Every structure is written in C-alpha cells, then in structure tokens.
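Reading through the structure tokens given below for one structure.
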Amino acid sequence: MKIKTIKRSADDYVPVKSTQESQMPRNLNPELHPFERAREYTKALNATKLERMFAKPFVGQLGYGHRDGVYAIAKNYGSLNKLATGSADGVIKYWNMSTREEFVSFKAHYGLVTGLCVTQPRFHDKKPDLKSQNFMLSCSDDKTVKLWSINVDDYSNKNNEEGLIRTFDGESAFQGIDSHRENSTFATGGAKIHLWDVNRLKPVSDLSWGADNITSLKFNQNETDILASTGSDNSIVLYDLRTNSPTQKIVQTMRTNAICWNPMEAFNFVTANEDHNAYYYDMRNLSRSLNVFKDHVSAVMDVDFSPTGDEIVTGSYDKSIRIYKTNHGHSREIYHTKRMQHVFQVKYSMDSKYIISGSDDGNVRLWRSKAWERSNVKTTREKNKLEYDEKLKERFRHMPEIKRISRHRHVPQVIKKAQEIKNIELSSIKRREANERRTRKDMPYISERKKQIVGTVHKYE
Amino acid sequence: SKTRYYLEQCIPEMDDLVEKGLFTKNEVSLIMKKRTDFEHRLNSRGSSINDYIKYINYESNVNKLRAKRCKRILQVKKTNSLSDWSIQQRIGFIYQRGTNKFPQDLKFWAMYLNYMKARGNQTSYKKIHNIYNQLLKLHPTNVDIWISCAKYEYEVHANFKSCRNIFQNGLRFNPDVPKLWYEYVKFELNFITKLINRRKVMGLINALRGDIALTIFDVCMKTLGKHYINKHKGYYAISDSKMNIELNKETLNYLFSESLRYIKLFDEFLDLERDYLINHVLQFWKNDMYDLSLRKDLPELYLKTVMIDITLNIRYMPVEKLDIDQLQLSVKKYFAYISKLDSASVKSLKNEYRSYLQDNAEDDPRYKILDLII
Amino acid sequence: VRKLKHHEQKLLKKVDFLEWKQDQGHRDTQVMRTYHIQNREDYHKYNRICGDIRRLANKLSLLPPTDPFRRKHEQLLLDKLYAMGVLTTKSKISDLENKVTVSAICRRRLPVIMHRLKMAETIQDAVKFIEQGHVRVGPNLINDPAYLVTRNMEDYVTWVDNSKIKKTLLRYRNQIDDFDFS
Amino acid sequence: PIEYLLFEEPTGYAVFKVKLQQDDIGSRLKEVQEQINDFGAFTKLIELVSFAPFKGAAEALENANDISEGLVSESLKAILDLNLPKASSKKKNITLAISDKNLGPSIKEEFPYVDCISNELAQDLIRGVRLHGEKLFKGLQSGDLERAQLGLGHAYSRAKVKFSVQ
Amino acid sequence: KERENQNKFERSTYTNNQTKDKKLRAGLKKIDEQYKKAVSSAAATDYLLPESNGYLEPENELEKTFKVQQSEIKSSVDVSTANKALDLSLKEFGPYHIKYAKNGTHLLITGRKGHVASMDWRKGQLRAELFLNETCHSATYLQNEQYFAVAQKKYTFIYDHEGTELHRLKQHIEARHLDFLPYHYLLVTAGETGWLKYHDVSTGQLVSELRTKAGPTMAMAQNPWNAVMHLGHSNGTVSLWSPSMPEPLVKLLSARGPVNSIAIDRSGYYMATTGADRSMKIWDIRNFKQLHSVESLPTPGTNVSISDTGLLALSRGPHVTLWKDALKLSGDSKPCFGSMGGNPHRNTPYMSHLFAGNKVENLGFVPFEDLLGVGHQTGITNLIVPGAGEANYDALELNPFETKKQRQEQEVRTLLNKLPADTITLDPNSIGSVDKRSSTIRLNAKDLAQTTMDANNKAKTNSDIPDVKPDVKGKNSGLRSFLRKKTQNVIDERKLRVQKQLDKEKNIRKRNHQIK
RNA sequence: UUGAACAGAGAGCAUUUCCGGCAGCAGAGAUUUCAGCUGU
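What follows is the structure in structure tokens.
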C-alpha cells in the first residue's frame, strides 16, 4: 500500500539564516478566506473613519496677511510655489509659499488693486530674464495698469531694479485683468474691455459688446486666444482674438462673479455667480449648463479648477470654501474657520494638492485639497494601503453606515441654519409646483441646467 | 510582497511550457518551489550576490534542460512560443536586479556583460550600450572597464569614432594610469595599420599617419609627469631643493621607464613606417627634460637612448645586409660617444660588441663581422 | 495587548482583554486576595447574603417611618448582625445598607479573627495553621478556613493542647509545664 | 524639478538622480521635514548614478580648495560632462541641485545648458544625503568617509594657515 | 485563460429571474473584463502552491484500506509525523475533551474532573496546567494560545496564557459547548439551560441571549463559512442561529431522538449530524437537501468531525471510522461499512481504529497536518490520517510557524478588522446588496411623479381595489375576500366602493348567467 | 518662423525589407556555442 503524508520540512517555512524574513505561503481558496464581503466592508468603514480623523486640512496662513483684506490673487502657471496677492489698500505682495514669506511688497496703487496677474513679458527689444525676475502686473480703480518685476531666488546661476518697469494708463477705471499665455498680450476689463500688449502704452483694441461695463476676465489656458468676461448686466461674453471681436454672450438671472476655464478640456468653463451656485458651461453650446454645483448658501465669489481638470474649488460670501467633483454637482468638502471672513479669492495651486484662499480680514491661507492626505513621500506598503482604501471607500460609498460618516462635517451655525431653511423653502416650492402641475394643462418641465439662462444671442438650431 | 509579484510573473511561461507538451505539472511545481526559494532569498533582507549567481545558474540549467527536452519530445529546436525567450529574459532581469542592488562587484558586472554579449542575435547592442553606460558611470576610475568597452566596440563592431570617444573620455577621467595611455596608442596604431592595409588591399585588387600616436605620446609624457609630481610630494611642497631635485629626477626615471616600455612594445607594429614611428619617439626623448638627463645624472638612460639610436636601423635578423650597409654609422656612433664619455665609453663599446655578436661560410661573413667589431 | 498606536487606540477604544464591566472591577479577586480566600465562589456565596440583607433593608425602609413592625425588625436584624459580628455598631440603620459588605463577613472568618487576636503573624499563616490542625474553638478542632466566628464565640479560639505552637510559645517564656503535656 | 544632485565629499564627487520630487509648498511640514530623517523614504527620493573617487589626498586637497573658493575643477568637469545630458542652453536647461550659490556660476560658465539650484529644497536634499552618507553609496568607495574627513580637514587647515614643519 | 480549476474561484451573482447608456455600458464591460481577469489570475496560483495533499492508496485488491494499522502508518511515514502522532496517558482525571488552536500549534485538553492543560503539543512546552477541582466540561482558545475559555461546574471562566483567571462570566450559567468565532471575536456558549449566548471577547460585552426553547443543547457546531451556529436538540432538530434574530434562522429535522453530534465542512456546504437513533445524516446546507441517511449504525455515533480536505470521522464509542469522499451528492458516496461482494460503488471506510479500552470523548482534526486528535477516557491520541489536512495553508490568514511579533501584530490587525455580530447572515454575500424590498429597478422620479399621480387617483379609478370580473366563481371573487378579511363593523370609503364594485360584479354575472 | 549640411540620442511610431528554415564549405572562441557565400 502506497502512503504519503504532509511533509512540511521546516526549511521552506522558517529560514535558516536569522537575518532574512519568513516565507509567507499563500493559498487563494475562498474556503481559506471566508468573509470576503464583510471583511472589506469593515476595511472600508475603518477607512472612512480614519479619513474623518485624519482630516486636518489647514496648512497655514502665509506671512502676516495684508492690512485691508485680500481681493486679488494670482498664481503663476510655471512655478509651483509663487503667488501674488493684492488687498484693498493698494498693496500687492509676492509670496514664496514654501517658506510662507513675501519676496517683496509694493505700495502699488492708491485705490483698491482690483486685478493682478503674472506675465512672461515678451519684449522685442529686451530679453526676459525669467530665471531671476518674475513679473506681475496689476490694475486698479485709479485708472492705472502697472507692471512690476521681482527678484527671485530659485536658481543660483547669476551673481537689481525690482519695481515698476512700466505704467499703462487708461482714461477710466479698470476692474479685472488677465494675461494671455503667449505673445505679450493681456486684457483689462473695467468701464470697457481693452486688449493690451506690454510694448505699446495704449490699448491695441477695444472689444466691447455694448456700452455696459465689464466686471471680470479670464483668458483660456489652451486655445489661448479665447477670452471670457462677466458684465454687470448679468452677462457672460466670449471673445475671440483671431477675429478680434466678441463671439457670443448669454444673459443669466444674477451676476457672474468669476469664470475659470477647464485646463484639460479647453472649451468648458465654470462660472461662479450670485445665486448661490456655480455653472459648468460648454463654449460650443451655451444654451444649457452641463453642471450646476449647488451647495453654497450665499453669493459665490470665486471659482478655480484643479490643474488636473477633475475638481473645482469655490469660495463664497458665506465665510466658507467648498470643493466639488466636476461630475457630481454637490460639494465634496467644505472648509471654514471662525477666523476666516468672506472668502473673496480662491486659487488651486499647480500641484493640484493645495488650495489658496484669500479672505477679507487680510489673510491668505493654505489648505489641503484632500484633507486626510499627507505630503510626505510614501513607501510602497503605505502607498498600496492608501490606494486600496481609496478603492474600497469608492466601492462601498453608498452603504448607509459609511455614507453617513463620509458625508459628515461640522458647518458653522449660520450656514447650518441657512441650509435647513433653504431646505424647507425648496421643499415648499416643490410641493406648490407639484400642486400647480396637477391642475394646469401645459406646464413645461424645465431642466435645472436651463433654469438660470434668461437668454442667449446667436440662437441655436 | 514582491516575491509574490515575481513568482506570478513566472506563470505564463509555464502555462505555455505545459501546453507545449514537454514539462508536466508535477515537475513544473518542483521548478517553481526552487524558484520560490530563490526569489525569496533575492528580495528579502540579508541578500547576497551569491544568491543572485546561484539563481542565474539554476535558471540557465533549467533552460538547458528545456532545450534538451524540446529536442527530444517535439523534435524542434525552438517552439517559437513564449517559453524559449522568457527564461533568458528572466536571467537578464536577475542580472539587472543584482547590479542595481550590489553595484560593486565587477565579477558580477562582467558576468552580466558576458551573458548579454553571448546571447547573440537576440540581444541588442544598444542594450549592451546601456549597461556599459551605467557601469562606466559608477566606476569611472576603474580602467579595465574603459578598455573592455572600447575593445567590444572596436574588435567586434569596428566603430572607430565611438572607440576614440571612449578612450578620450577615459583619459579625461583617470589621466594617471599608464595602462590606458598604452592601450590608446595601441588602438591608434591598430586603426592606422588597418587603414594602410585596406589601402594596400585596394591597390592589390584594383597624410593620415602615426603622428596621432606621437601626439598622444607627447601628452602621455606631459600629463604622466604632471600627475606623478602631484601624486608624490602629496600634501604640500614643504621640501628643500635637495628633495625637489630628487623628486624631479625620480619622475624623469618613472616617465622614461614607461617610454622604454613604449618602444619595447612599439617595435612589433611593423606594417607602417616603423622606422619613422620609432625615430619620432627617439627625437621626443632626445630633448631636454629640465633636469639634465644628458649633462648630469640619468647618464645611463642617455647611454640607453644612444644605444637605441645606434641599433635603430640595426634592428635586423642574422642576414646582416643592413649591417654591411651602415655599420659605419654604428662605428661613428661609438666614436662620437667615446669622444666624450669616460666609463660609458667602454660600456657602450663592450655593449655594442656583445649585442652585435649575440644578434649576428655564414660564420666567415660573421668572421668579417667579428673582425669589424673586434 | 500590543500598546496600540494613536489611530488604533482612537479606532477601538472599548477593547480590553482583561478588565470587563461584568467583572465589577475584580472585587471578588480583590477581597479574596485581602482575606486569603481559597475557593472562587465564597465571594459570591457571601454576596448573596449581603444582597439578602440589603434587599430586606430596602423593603423595610420603604415602610412608614413610625410603625412598630419596621422599627422592631430593623432593630432585630441590626442586633443579629452585630452579635454575629458582621456589623460593628448597632446604632444607625444606614449600616444595613452601607456597612453590610462581603469584606465584613470575610473579616469574621477564622484566619482573620486569628490574625487580629495576634495568634498568627499573617492571614496566610493563620490559614496554614488551621489547615494543619492546630486551632480549636471550644473543645473541638476546627479544620477549615472559612469558619465564621461570632462575637461570643471568639473567646474560645485557642490552640489545641499538645500543639507544637503552644509548646514553643510556652517554652519561649519558659512557662512550659510538661505535666499537662505543654 | 530638481533633476540631478551634486554631492561633494572627501572621497570624491557623487552625482545622484532625483527620482521623486519632494513637496515644494508643503516643504516646511512635519512629515516632509522628517522624511529626510527616515532612510526608508529618502531612498524613494534619491538614487546614486555616479561616483568619481579622487586620486589621493593631493587631488582631494586641490578639490577641497576649489570647492571652498567656488571653482569647478577638472574632476568636476569630467563627472558633470559624463553624467548630465546635453540639454539646450535656451530652452529647458538640465537642473542640477548644488549646495553652493557661488559655485553655481562656475558651473554655468562651463556648461551653459545647466541651471543650478541651491534653495531650501536642494539644501534639505543635500543634507539628507549628508545625513545618510555611506548607506546611499551601496558600498562603492574605498576608504572610510570619516577617516578621509579627518585627513582632509587637517590638510585643509594646515594649507590655509601655512603650517611649516621646519 | 481557460484554467481547468476556475469554478473553485468563481463568484456567484444576482440574476433578474443590454443597456442604452454608453458610459454605463462601457463601465460594465470593464467590470466583466476585470472579473474574468481576476478569476483567471487567481486560479493560476495552483502552480505556486508548494505542497501536495496526503493520501493512502491500496495498489492491490486484497489490500483494503480500513484494515491498515496505526503502527503500520507510523512505520511507513517519516519521523517528524511519527513524532507528531502523540499519546498522553492521563488516567486519573476524567475523559478528556480535546481542542486544537486554529493553527495546529497548541492543544487544550480538559479532564472531566478538573485537569485543564494548554500546551504546545509539538514542542514539549506546556504553558498552563491548572487543576480546577470542579467538573469541567469543555474549553476553547479564543484568538490565540494566549487566552482560553473553560466551561466549569456552572460558570464559564476565561484564563490567560499562563493560566491566571481573567474572567468569571456571571452569565453563561451552564455551558457544555463553547466555540469561538474568530473573525467576529465572539465566544458562543450553550448547554443545559436552553439558551445560546454570544459574548464579545474584545469589548467584554454579552452580545446576545437567545432562547433555544428546546431544552438543553445536545450538540453544537459552527459553520466556518458564514458563522451561524447549528445546535442539535433533544427533538432530533438542528437549528441554525444568528445573534441578530431571536428566532432560529432555520430549523431542520435531522434525526429521531436527540442529536448527538454536528459537524460542518469548512466550505459551508455539507453538515454531518449523528443522532441517538443510530443514524448518521449528511445534509446539504445551502439548499437544505438531505444528501445521505446512513441508518442503523451498530451503536450510536457519539461524534462526527470533518477535516479540511473533506474526510468524515465518525466515532461510536471505542471505534473511530473515517470515510473519504462521503460528502458528495451521488448515492455511490453513501458511507457503507462493507462492500457486499466487492462493489466499487460502495463507500467503505477510508480507515478505522479501535480504542479497545475506552469510549472516546471527542474528535478534532489537527488543522494543517495529517492527524486526527481523539480525546478519550485515558487522555489524548493523535492518529496519522493521511488524507486529512490542508497541505497549503495561507500564511496571512493563520500561520503554523508564526512568531511572537507576528502573533502580536496579527492580533491587533484582526482586532481592528473584527466583523460586527450583525453581519452574520445565512449567506455571507448579502451585505453589499440592496434590500429584497425597494424595487429592483432604480426609479427616475418621472415614475415617482406617476406613482404619486395614481396614488392621488386611487379613488375614482379603483386601482387599489380588485378589478371587476364576473366569471371567477364569485364565492372566491376577490372583492368578497376583501370584504371578509376586513373587520365587519367599521365603514370606510374604500370598503364602500368595494361593496359598490362587488354589486356591479354580481349584476354583470347575473346578466351573463341569464344570456348563457 | 523656415531651410541647409553637420553632430548625435535610444527616448518614441510603422510594415511585409530581411533574419530567428536546411545543408555544402572555410572562418571564431573556449567538444559546446559563434560568424558568411550557392540553392531548397
């Protein structure tokens, strides 16, 4: 009779030399591993609880802030850690966000500096030294656009006349500014929107639809010759710089405070307006928004895109900011602070990992876009654990017990009470429109994505 | 764990190697448990290059068994499926992992290079170029890697431009060992010899000289002298003029012994103008070396170079027609030397007589030669 | 059991492998360590009787404060427990809830009586001596540690005659009279 | 982008290749500041690609004086020309991380396609490789680095003071 | 890609008894591709499996397998396995209930009299020998060799690694059967009271008290698949219990008389129950069919056990008898005791042994080795059973070579991923799904408006009333069943219009009868 | 902004241009592997 038993042999399972690790034999039988749904449910629940205890999003404020509340912010789209901010008392500052300290400050204007951006100024007589000088220009309500250079310690190649290399001049005030991402060009909105270049001391072209003023401006990031602007007649106007002309405008219900273009989709933009939500619009069809981001409770002051194009940040007049996944339409996250008042400017840093907010008490604050995410480099075991936990929270996302935990935040008292009376108001109007629809004959079902456009020039067929 | 990743990367080749009916499941489980042992020893702690080497030897043995079993079972020499390159690719990756972990044993680096070269048509010479590039980056001072790199790319591929670039970069890195200098003058003489032999061959079927070798000879003398005077008397120059002249004399002895070796292994290149190419080293050594090699000490070296300049046409066989042509040149050399020297006169006379007697009916013409050099 | 890190101790706070809430702080173990109680179930056998006394004391304090039934039975139970020795004072009736206690019933055990009468240097020595059969109450030898000694019955706790311990204390003071064997 | 790293040391020169960038904006945070103390995470940032050792204490003292007064020596020229790719001089230079802001100009004087960075990111990368030292080099140098440090410090000091033994 | 052993690694799913969305269509196509890739690559690991299972095979027709002696096995197998086949002769305390740790490293024996010993049976290291002089009944380890629970005269006690008493449980009044649920950290307790108690060992909290309502618990086993408890009563009834429902999940009528023993396969598919009516019965668990009914055993089977490789070890007093491939569907796998004339279609015993002196107390297979530990009246005996253990364990579920640091970290990690006691269901894959209420099509709010519309117009359309139909034998007409199931004294508008539509139906049936 | 020749990198993308078929033969290195001509 032949016969054979289990010969475990102890050389394959506990190692000979003491310096090396023990063997881990695997056996992928589901008989060996029994509770495959419950075990990863509890791992997804422990991941959501670990996220809710690791959510420490406030990095730090930078510097000492300003004196009179930050109303303009501009990142530069080529360096990771440099940031220009301007306040109401005319002072602008250039910031190193690594050390959280200003390269330089500038008493730029006398009024409010109402816009500022950054440039690589293509002069055709001089050569731009972009490895030691940074350039920011800035418009105010004292009818001036000024262009400044900054001494920057980022390369150590060299070894110098920092401020105010030139002063463009308008006859009326300015209200917004944004620079083209090539070809020495910028545009300033104000009493009317002008286009400029850094060589000529006068506007190249006036590109105004009608005699109604312009409140904001953004250039496109790819297809760089497409401008967009917000006018105080609740209007959003697109301009093209091939045709050197406006292109199409829409009139909404309330006033668009800001625009930002999608850096990864080149025809989509997001508007941030005074009814308390944001609108994701396609340039090729402005007859309908392709999303509405709804969760704010007062007027949305500024919006910005992640450089990955996958989520937006959105600061509003209720003293809180909100981060939104672009495909959803409700807030993924809310950041607030008892010290932060009336966040007027929000940018999304080029790392896609930090969020810069300028409030109006004076302070500019860094936040993490993902609160539970730390910024060290990770060994492969902890990196694998973190993305395993992300995939697991993703596929158990809608279970009631982990949804009530991942959904949870502490919102201030004012925003919570405005939220619940907003809920009972919306439920009341849905009740009344359901009754009215039960009776009356032809009540059209208007979409939420169309419920906020009062009209559109150049009708669609 | 990463042993799990590597072990389940090993499974498609044995899928294919069981489907092609040469191995069975019970023997491929045995090669997997041996390979499990080896992968765990590789990527655990306390690892060794001998663990890498034994894994490479085991994988080569199962490759040879796979080839033998293929020829015996399927009676083809390759199944043109996955299981005839996957195992050599595995050996190449074990080598790459080992050289990334322990980049310090040139035995393992050279086993990598030998296996990669001997893989044949299936490898790529740019794949050999990559591991030559990273090995020369890690060991720039080790000079045999520069010689081996340039030897592979001249004695196999015949790439003169890249070979010149390799030798110039190596001489940029360590311009201190004379071995790289000698292999560079050897390469330049081999290149110019192949150039003039392809000229002779195109003539026989149907300007650019050894002055390259003389110029690199000149910079060889200059930089080897500079590096020996900088190497010895190391920290400072705190040494009085006795020790400075002692040092400078010794560097002249060092450099001139290396040029003696240069002419000694220079004579065997006799397909170019060997007389001109040795006489230019003679005239480059004949000049002043700033510490009176002729007019003071190293007079033995002056006598050695005088004997070389005398026999520089008499480098001949026992058929001594050149001696019967220009032995009066050697007599005038001995007369011009003994017109000045005192004991080197008798030394050079006895040495030239002993050299001509040792090197040179046939004894009757040799009796004429003995009467001449008596 | 491995001194959890901060995220683990925050994530599983109620985990404890030793101290549970049904344990009641290990007080059976605590007072049986104090009074050196052999078997595990003596604490709970005494706890049943303390619960009887306190259940009757509750249900008897829930009577009206002036009737002679309540006053007679409260005084009668108070007298019985003082005479037995569990209660140390028969004055106030709040002793029938507060001062009635397994430790009081355990202080009345034979080795504790012994140790307080200076008859052994510790309670474990007293346990060893009455296990070895040196101690008699009255005439008859008492052999087990759990024997409860009332107030009038602690006057007769002595050693047996022909005890080696009795012999060595008498011969320490050299009052040993070998006529009566010690 | 901090693509390559140049660490000078008494045994020779080392060129490292930066694998993963550390954070720029979160560079003052606690986890970013102590990942350069943990070795298991620093080896995720820095990889050694080249180490040219010196010819002896004489060339060590020569290169110590050249590194001290901010000049590119010939061994520096050799190792940088071996290791750094031939980038452009007008568009996207290759980025070398040094620790000496007045050695940078001497590096761009010799290689115009190299922009040099010594700010706080390059400083803590450099002090990470200083903190770990012999572990990064994988066993490829002769001579213990602290023994060569003792010899080079004594030689540098006696040179700088002109210590005569007469 | 084909993988001859995929259906072990396959995973069942929900079925209804395709889409127009482009993004959802491609998402489901990616999900099906990933499921197929994952099943195939997970099933290709059987190359990487290190060891092979044991066996013994007859190689002749005169050589039967049940007549192979244990000394002959110990001569035929190696010295390490022959030394694992231990035998402790502990005569003075009672019959020894045996228990192994879930990796086979530690052994826990209990004498009936008082002698409980936890030990490393394969080294010679005992780490607790405590003589608790009241009659102990059973014990089990909790999550380790570091804690064990013993069921004493009445109360269940919990002891640490070296044997100091940690806990006396004031509940668990008379346990006779303890079993630990290791993924849920639950000590389960049943006995002479008709109560089943689940006690959380980690928090310390009594999770559940359930009335069995069927007298004392005669047998008890745990499904390793879904952690439901099969208790066997004096009715001949097995009942499957969970700590959520205060009623048994299922009640099966296994035997006549009482139920002496229950064992469950580790795949959670088969259950062998022995009754006191001399009847072994093999049960399907998932579909609750009765697979085999071996009636008229020569003496009642006092124990059953099922190995990790599916052997069936029945014990009838002095005798232990093991059958191979008995837990299968076909009638040729019914375990016989002889093959009448050499029938190959009769499952004769795989091996048998006779403990001639005594009567065995319990059976337990050693987890990852080829041994069967039977505890009997004079101590412990391991039997070398060659087909009887998973040769290839997973070393990150539970490791027989695990060290002290690995024990510490695995204890903290399994404590962290402890499953809640509410997730115990009859099937484990029912905690990701949706309700079996809450309609299987998701609703798009147009139909919610439509549902509220017909809820407004339930009156005057009678959509909440049975429809009028005359030809349906009006003694069972639906409308009169409404009228009779309602309470016959209240009057609401719903039942008024049912009475109206019923009179309409009666008049239509009257005129149809008249024209017929 | 384009064009030109030059110097290259291994860091991308095709496709039927050949080879990973067989001998005869000489050559190469330490009895195994390596290197080209005339046809299948």
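Residue numbers (full-length UniProt numbering), protein chains in the order written: chain A, 1 to 159, 168 to 469; chain B, 2 to 207, 264 to 417, 424 to 437; chain C, 2 to 183; chain D, 3 to 168; chain E, 13 to 29, 36 to 534.
Heads up, the beta-carbon is just placed ideally off N, CA and C, and yes, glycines get one too.
- In its chain, beyond the 5 residues on either side, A119 and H124 have a beta carbon closer than 6 Å to the beta carbon of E163 of chain E.
- If the five residues before and after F404 of chain A are omitted, its C-beta is found closer than 7 Å to the C-beta atoms of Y41, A44 and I410, all from its own chain and listed in chain order.
- Between the segment 6-26 of chain D and the segment 121-137 of chain D, the count of Cβ pairs shorter than 8 Å is three or higher; the stretches touch.
- The beta carbon of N67 of chain D sits no closer than 9 Å to any beta carbon of chain A.
- Taking CB atoms only, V372 of chain A has no neighbour in chain D less than 9 Å away.
- The Cβ-Cβ distance between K21 of chain B and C71 of chain B falls below 9 Å.
- The three-state secondary structure of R110 of chain C, taken from DSSP, is strand.
- The three-state reading of DSSP puts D177 of chain B in coil, since its state is none of H, G, I, E or B.
- Ranked by Cα distance from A393 of chain B, the first of B:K180, B:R73 and B:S405 is B:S405.
- A residue is called buried once 16 or more other Cβ atoms fall within 10 Å of its Cβ, and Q170 of chain E is buried on that count.
- Across the structure, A111 of chain B and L181 of chain B are spaced so that their CA atoms are roughly 19 Å apart.
- In the structure shown, the three-state DSSP call for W160 of chain C is strand.
- For the UniProt repeat "WD 4" (217-257) of chain A, the full-length beta strand (DSSP E) segments reaching 3 residues or more read 222-227, 234-239 and 243-248 along the chain.
- In the DSSP assignment, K54 of chain E is bridged to no other residue.
- Residue state for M358 of chain E is assigned as coil, using DSSP reduced to three classes.
- In this structure, the CA atom of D153 of chain A is about 49 Å from the CA atom of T308 of chain B.
- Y411 of chain E has a beta carbon lying at 9 Å or more from every beta carbon in chain B.
- Look at the segment 38-51 of chain A: the residues with a C-beta under 8 Å from a C-beta of chain C are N46, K49 and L50.
- When the Cα atoms are used, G360 of chain E and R425 of chain E turn out to be separated by approximately 51 Å.
- Counting every other CB atom within 10 Å of its CB across the protein chains shown gives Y325 of chain A a total of 16 or more, marking it as buried.
- Setting aside the 5 residues that flank it on each side, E98 of chain C is surrounded in the same chain by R55 and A58, each with a C-beta closer than 6 Å to its C-beta; the list follows chain order.
- The Cβ atoms of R208 of chain A and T238 of chain A do not sit closer than 9 Å to each other.
- In the DSSP annotation of this structure, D310 of chain A is not part of any alpha helix (DSSP H); the continuous beta strand (DSSP E) holding it starts and ends at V308 to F313.
- Within chain A, the residues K131, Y155 and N157 have their CB atoms less than 8 Å from the CB of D117 of chain D, given in chain order.
- In summary, the residues of the segment 355-367 of chain A whose CB is separated from some CB of chain D by less than 8 Å are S357, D359, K361 and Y362, in the order they occur in the chain.
- For the segment 211-237 of chain E, residues whose beta-carbon sits nearer than 7 Å to a beta-carbon of chain C comprise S220, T221 and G222.
- In this model, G122 of chain E and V51 of chain D are separated by some 50 Å (Cα to Cα).
- Excluding residues up to 5 positions away in sequence, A239, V256, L258 and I280 lie with their Cβ nearer than 6 Å to the Cβ of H248 of chain E in the same chain.
- Taking 9 Å as the CB threshold, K14 of chain C stays off the interface with chain A.
- Contact of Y165 of chain E with chain B is not assigned, every C-beta pair being separated by 9 Å or more.
- Using a Cβ-Cβ distance cut-off of 8 Å, the segment 99-119 of chain E and the segment 378-391 of chain E are in contact, since at least three pairs of beta carbons, one from each stretch, lie closer than that value.
- The C-alpha of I449 of chain E lies about 7 Å from the C-alpha of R37 of chain A.
- In the structure shown, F194 of chain A adopts extended strand secondary structure according to DSSP, grouped into three states.
- Taking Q61 of chain A as the centre and dropping the five residues before and after it, the same chain places the C-beta of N371 and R373 closer than 6 Å to its C-beta, in chain order.
- For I49 of chain E against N244 of chain E, the beta-carbon gap comes to about 25 Å, at or over 8 Å, which does not count as contact.
- Among the CB atoms of chain C, one or more fall inside 9 Å of the CB of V430 of chain E.
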